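Below you'll find the structure, written out as structure tokens, and then a few comments.
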Amino acid sequence: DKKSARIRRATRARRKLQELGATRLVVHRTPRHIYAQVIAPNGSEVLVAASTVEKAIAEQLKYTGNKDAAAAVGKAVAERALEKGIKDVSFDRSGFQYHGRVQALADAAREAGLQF
Amino acid sequence: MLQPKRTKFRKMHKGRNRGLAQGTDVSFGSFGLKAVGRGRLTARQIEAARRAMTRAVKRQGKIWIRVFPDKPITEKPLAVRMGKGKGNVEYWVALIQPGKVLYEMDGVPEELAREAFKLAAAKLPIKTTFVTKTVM
Amino acid sequence: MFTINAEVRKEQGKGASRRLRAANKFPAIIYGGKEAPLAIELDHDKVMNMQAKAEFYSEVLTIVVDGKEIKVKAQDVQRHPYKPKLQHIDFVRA
Amino acid sequence: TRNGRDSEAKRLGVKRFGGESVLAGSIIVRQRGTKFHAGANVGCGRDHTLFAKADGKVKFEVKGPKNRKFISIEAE
Amino acid sequence: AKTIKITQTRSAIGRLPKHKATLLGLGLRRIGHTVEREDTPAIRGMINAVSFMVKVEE
RNA sequence: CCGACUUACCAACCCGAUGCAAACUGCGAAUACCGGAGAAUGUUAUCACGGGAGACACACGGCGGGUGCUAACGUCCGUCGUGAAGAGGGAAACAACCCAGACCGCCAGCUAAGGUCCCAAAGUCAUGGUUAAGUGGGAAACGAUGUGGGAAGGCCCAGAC
RNA sequence: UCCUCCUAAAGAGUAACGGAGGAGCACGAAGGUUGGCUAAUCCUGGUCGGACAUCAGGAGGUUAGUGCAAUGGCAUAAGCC
RNA sequence: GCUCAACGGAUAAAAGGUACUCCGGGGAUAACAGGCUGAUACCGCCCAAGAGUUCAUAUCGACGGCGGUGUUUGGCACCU
RNA sequence: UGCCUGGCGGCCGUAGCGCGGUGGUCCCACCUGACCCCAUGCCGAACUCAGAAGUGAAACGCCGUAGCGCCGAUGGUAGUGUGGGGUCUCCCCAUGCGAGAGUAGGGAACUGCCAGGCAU
Ligand SMILES: [Mg+2]
Ligand SMILES: [Mg+2]
Ligand SMILES: [Mg+2]
Ligand SMILES: [Mg+2]
Ligand SMILES: [Mg+2]
Ligand SMILES: [Mg+2]
Ligand SMILES: [Mg+2]
Ligand SMILES: [Mg+2]
Ligand SMILES: [Mg+2]
Ligand SMILES: [Mg+2]
Ligand SMILES: [Mg+2]
Ligand SMILES: [Mg+2]
Ligand SMILES: [Mg+2]
Ligand SMILES: [Mg+2]
Ligand SMILES: [Mg+2]
Ligand SMILES: [Mg+2]
Ligand SMILES: [Mg+2]
Ligand SMILES: [Mg+2]
Ligand SMILES: [Mg+2]
Ligand SMILES: [Mg+2]
Ligand SMILES: [Mg+2]
Ligand SMILES: [Mg+2]
Ligand SMILES: [Mg+2]
Ligand SMILES: [Mg+2]
Ligand SMILES: [Mg+2]
Ligand SMILES: [Mg+2]
Ligand SMILES: [Mg+2]
Ligand SMILES: [Mg+2]
Ligand SMILES: [Mg+2]
Ligand SMILES: [Mg+2]
Ligand SMILES: [Mg+2]
Ligand SMILES: [Mg+2]
Ligand SMILES: [Mg+2]
Ligand SMILES: [Mg+2]
Ligand SMILES: [Mg+2]
Ligand SMILES: [Mg+2]
Ligand SMILES: [Mg+2]
Ligand SMILES: [Mg+2]
Ligand SMILES: [Mg+2]
Ligand SMILES: [Mg+2]
Ligand SMILES: [Mg+2]
Ligand SMILES: [Mg+2]
Ligand SMILES: [Mg+2]
Ligand SMILES: [Mg+2]
């Protein structure tokens, strides 16, 4: 029920950023894992896919789905975003509230290259 | 006296009933009456024909009715002009549907059925025809 | 078992139907399953008399269209709203 | 005879259609209903009115999981 | 140009300004007025649309 | 006090069915409204400005509302049209009904409803006719063994009314 | 004067005397940017409590709600803190 | 400073009678009076369960309607 | 290159409801503590954070079923002018124009990117 409730909770924000057409930094946390991307303004193509399911990220972090791993993923994804040349995004908390793993990962992205 | 318990609104437009109708086929009973033409069936007329069919069948069988005087027409009580707004509610009818079965009969022979439907022609000003339920 | 003489209606349409009803002809269509749809024009009073039988919507009839027997059966019907005319008669192949 | 009213009709409904140019600032539709919405490159006002931010030959389509009628924009 | 011959047999007197401008554009001005237009799908459709007050001969 | 049983009664509600619309459209429209890419056409019939107008009292033939009585040479009506602005053309006489657009005469040709016994200016043809109605040439629902027919049917020279 | 619908020819608008219901605002919070929720209805059980106050499962999803008369809007919900 | 409440707002400020009446016009627009239509005054015409002792087919006829006298009651709005 | 699993575009009920079965390598959530960052107009119920003892009960995903809603047949259809008429409360003649209604007939999807397990 959590997934459907969260998707309905996030429909307004996700459609808002899709229609605004500013490329949005997307998150979706789970208790055990998490996947972090950078998605196109309309949503038809991603830019960088970095997650705690990757080999190096998984083996360099003691626990996959925890806030410390979320912060490490934020650092890594924003630095790879700088490497590819990503500068401007408009945040999308994806229906959650801006606190916890999402807040720490977002602060990591701010430090490591994304302006928000 | 067939008449609604309540209507949507007290008056309604005079209305239109042109073209072809939809009550083409028979639905409930063995023997029916067709009216190819066009007119109106008053509530008094519908009740009278029902009573007369009961008279003829001697309470053998059942009677069925499709159209209803759900539309309270406003005619104008005599000696009043076109003006003064719309007229006043006076009575209830249903209009004539080409192909419609109006009154239905069962349990009695075809001869008595045509007799009673000619008597419907003699208690109504509407053109008639004798119909029965169709095979599929 | 009725063997009915019917032809192929080249052009259909409402004006075609009006002129065919003037010239005593009413249509019908052959169909059923995967076969190609073909439609025919019928002999009016012949069809009325043959379907006055109780076995018309039950038995396996036979249709002569362009010199061939076709085995079909009844599926559905449409009728003139206020006249004894069968607006349509329907065939499922046997 | 006491019930013969109607509105001073506000002249609602689609005004500047798909296939008509949008001058700088122009609306597409004036309506009291969101029957035609702000899809791609379009926006809304205060009183159920929607004025498009983007010019050119307008695009009509139907979208939404609710079978809704939108107003989008082409490339003119 | 494939000119196909056209003739007016009556006027757009009792008729809609659509038919009035139809005859006017076809050039048809009076009874029997005999004209020489050029045929395309547009003119053929015009023929079909007002074939009642006009008469085309080939 | 919980109650035992049944009873040609009414119907919630779902199925097998009947429905319905000015104030409902899980259907969908047409000419087209709005438009955007073309053949020809149209003496520029579109736009801006400046001088002056009438009317704010349009009727009848082809459509849907209230109306009204599903009446009217009827209406507020939304409307194409003819008349208005056009006589002339037939209508018993009655602009619109069917036309048609006269600039003026000449005792001149291909022409549109009314059109073709007499009045009467137009046909008294060949093939089918049909009909007691004088149809045409006005009263309705109602019918009833009148009657050209046409098709189908059921008894039948082992007897049909 | 000013309001909700069909009418009026599927843009528009279209009548008085073509059917039904009204106002001469109010909320400084019934608000907004920003944090949330999603009805109505009926069966089952329970001391109160009864068809319905309240609590506990289940069936439907805008048939609830709109600040009014109401239409058209509205789930992303302007509907409910 | 507006229930100027008719509120695109004639003024800051306003009700009645005329059979004692008068002028300019209209058949725009009404009435005795003066046409089309036919719901209906009102008349003619619609079977057949039956008041009619049964009985249809005799005053006759119940539950139940169309043409019309144009003659009334009306509708429209004109010829005057 | 293929199944399962997740993050997002193409269709927005031929997708959508239902019933017969399958998954814990990777994997979702259930789940251990919630003294913490952080929440309750009562409860870590909800969200959440430090973890992976177990988990597939509800859920998600996949196949089968045309039992429902839907798609649309072809004949057929009223109506819109347009010119003609009548039996003028409404119906018909030559066409362009053409709805619905349903029906004999289909569809549970289909499609794409990236990556994790799984093996060339
Ligand atoms: Mg009808
Ligand atoms: Mg036609
Ligand atoms: Mg309707
Ligand atoms: Mg409706
Ligand atoms: Mg005019
Ligand atoms: Mg006038
Ligand atoms: Mg009309
Ligand atoms: Mg209507
Ligand atoms: Mg009218
Ligand atoms: Mg008139
Ligand atoms: Mg009239
Ligand atoms: Mg007119
Ligand atoms: Mg004349
Ligand atoms: Mg005459
Ligand atoms: Mg004369
Ligand atoms: Mg002639
Ligand atoms: Mg002579
Ligand atoms: Mg004998
Ligand atoms: Mg409209
Ligand atoms: Mg219109
Ligand atoms: Mg919010
Ligand atoms: Mg209870
Ligand atoms: Mg409100
Ligand atoms: Mg709000
Ligand atoms: Mg005033
Ligand atoms: Mg005087
Ligand atoms: Mg008078
Ligand atoms: Mg006179
Ligand atoms: Mg008369
Ligand atoms: Mg009467
Ligand atoms: Mg006797
Ligand atoms: Mg008698
Ligand atoms: Mg009586
Ligand atoms: Mg008289
Ligand atoms: Mg009179
Ligand atoms: Mg007048
Ligand atoms: Mg007058
Ligand atoms: Mg399963
Ligand atoms: Mg949990
Ligand atoms: Mg399970
Ligand atoms: Mg159809
Ligand atoms: Mg359809
Ligand atoms: Mg399916
Ligand atoms: Mg299923």
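Heavy atoms only: backbone and side chains are in, while hydrogens, waters and symmetry mates are out. Proteins get letters first, then strands, A, B, ... in listed order; numbering begins at 1 in each.
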Is any side-chain nitrogen or oxygen of [X] closer than 4.0 Å to OP1 or OP2 of [N]?
X       : N      : value
A/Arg12 : G/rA77 : yes
A/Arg29 : I/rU48 : yes
A/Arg15 : I/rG9  : yes
D/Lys10 : G/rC3  : yes
C/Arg19 : I/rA94 : yes
D/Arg32 : G/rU4  : no
B/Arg10 : G/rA20 : yes
B/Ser27 : F/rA17 : no
D/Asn3  : G/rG19 : no
B/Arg81 : G/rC17 : no

Worksheet item: For RNA chain I, whose closest nucleotide is more 5', that of A/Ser51 or that of C/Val92?
Response: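 Between the two, 5'-proximity favours C/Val92.
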
Practice prompt. Using heavy atoms to find the nearest nucleotide of RNA chain I for A/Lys67 and A/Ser94 separately, return the residue whose nucleotide is more 5′.
Written response: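 Per heavy-atom nearest nucleotide, the more 5' residue is A/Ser94.
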
Response to the item:
5' to 3', nucleotides 68-82 of chain I under a 4.0 Å protein heavy-atom cut-off (B base, S sugar-phosphate only, - none) gives -----BBBSSSB--S

For [N], which nucleotide is its Watson-Crick or G-U wobble mate, given both distances must be under 3.5 Å?
N       : result
F/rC49  : none
H/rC66  : H/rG44
G/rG61  : none
I/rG21  : I/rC62
F/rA100 : none
F/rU147 : none

Worksheet item: Ignoring hydrogens and geometry, is there a side-chain-to-backbone donor-acceptor pair from E/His33 to E/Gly27 under 3.5 Å?
Response: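 Flag set: sc E/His33 to bb E/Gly27 pair under 3.5 Å.
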
Worksheet item: Is it true that a side-chain atom of D/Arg32 and a backbone atom of D/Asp47 form a donor plus acceptor pair closer than 3.5 Å?
Response: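 Side chain of D/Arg32 to backbone of D/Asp47, a donor-acceptor pair under 3.5 Å: yes, one is there.
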
Using a cut-off of under 3.5 Å, enumerate the N/O to N/O pairs linking the protein to nucleotides 37-46 of chain F.
from, atom 1, to, atom 2, distance (Å)
F/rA39, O2', E/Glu38, OE2, 2.7
F/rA40, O4', E/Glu38, OE2, 3.1
F/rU41, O2', E/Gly25, O, 2.1

Worksheet item: Tell me the side chain to side chain donor-acceptor pair (under 3.5 Å) pairs involving residues 4-16 of chain E, sequence neighbours left out?
Response: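 Checked against side chain to side chain donor-acceptor pair (under 3.5 Å) - neighbours excluded - the pairs reaching residues 4-16 of chain E are E/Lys5-E/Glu36, E/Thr7-E/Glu57.
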
Can [N] and [M] be counted as paired, Watson-Crick or G-U wobble, both distances less than 3.5 Å?
N       : M      : result
H/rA33  : H/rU80 : yes
F/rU41  : F/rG28 : no
I/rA34  : I/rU48 : yes
I/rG51  : I/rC31 : yes
F/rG115 : F/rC33 : no

Measuring from the side chain of [X] (C-beta onward, heavy atoms only), which nucleotide among [options] has the closest atom?
X       : options                : answer
B/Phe28 : F/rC24, F/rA17, H/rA39 : F/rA17
B/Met12 : F/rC80, F/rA23, G/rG36 : F/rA23
B/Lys86 : G/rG18, F/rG65, G/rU76 : G/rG18
A/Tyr63 : G/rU38, H/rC63, I/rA52 : I/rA52

Shorter than 3.5 Å, N or O on both sides, protein versus nucleotides 30-35 of chain F: list them out with atom names.
from, atom 1, to, atom 2, distance (Å)
F/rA32, OP1, E/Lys18, NZ, 3.1
F/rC34, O3', D/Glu20, OE2, 2.7
F/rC34, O2', D/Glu20, OE2, 2.2
F/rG35, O2', D/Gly19, O, 2.8

Measure from [atom1] on [X] to [atom2] on [N] and round the result to the nearest Å.
X        : N       : atom1 : atom2 : result
E/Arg10  : F/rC99  : CZ    : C1'   : 10 Å
B/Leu119 : F/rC142 : CG    : P     : 15 Å
A/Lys2   : I/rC28  : NZ    : P     : 11 Å
D/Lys35  : G/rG72  : NZ    : P     : 9 Å

Worksheet item: By the stacking rule (ring centres under 5.5 Å, planes under 30°), does F/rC97 stack with F/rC98?
Response: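 Per the 5.5 Å and 30° rule, F/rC97 does not stack on F/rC98.
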
Worksheet item: Is I/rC35 stacked on its strand neighbour I/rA34 by the under 5.5 Å, under 30° ring test?
Response: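 I/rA34/I/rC35: stacking flag false.
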
Worksheet item: Considering only heavy atoms, which members of residues 38-50 of chain A lie under 4.0 Å from some atom of RNA chain I?
Response: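 A/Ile39, A/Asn42, A/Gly43, A/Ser44, A/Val46, A/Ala49 - these, ordered by number, are the residues of the stretch whose heavy atoms sit under 4.0 Å from the strand.
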
Worksheet item: Heavy-atom contacts under 4.0 Å between residues 35-47 of chain B and RNA chain I, which residues?
Response: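 Going residue by residue through residues 35-47 of chain B, the ones with a heavy atom under 4.0 Å of RNA chain I turn out to be B/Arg38.
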
[Y]/[X] salt bridge by N-O under 4.0 Å criterion:
X       : Y       : answer
C/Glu41 : C/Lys25 : yes
A/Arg15 : A/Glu19 : no
C/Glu11 : C/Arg19 : no

Worksheet item: Checking all strands, does B/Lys100 fall into the base, sugar-phosphate, or nothing category for heavy-atom contacts under 4.0 angstrom?
Response: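 If one applies the 4.0 Å heavy-atom cut-off, B/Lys100 turns out to touch nothing in the nucleic acid.
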
Worksheet item: What nucleic acid atoms does B/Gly23 come within less than 4.0 Å of, heavy atoms only: base, sugar-phosphate, or nothing?
Response: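 Result for B/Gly23 = nothing.
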
Worksheet item: Under 3.5 Å, is there an N or O donor on one side and an acceptor on the other linking the side chain of D/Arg5 and the base of G/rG22?
Response: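 Answer is no: no donor-acceptor pair is held.
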
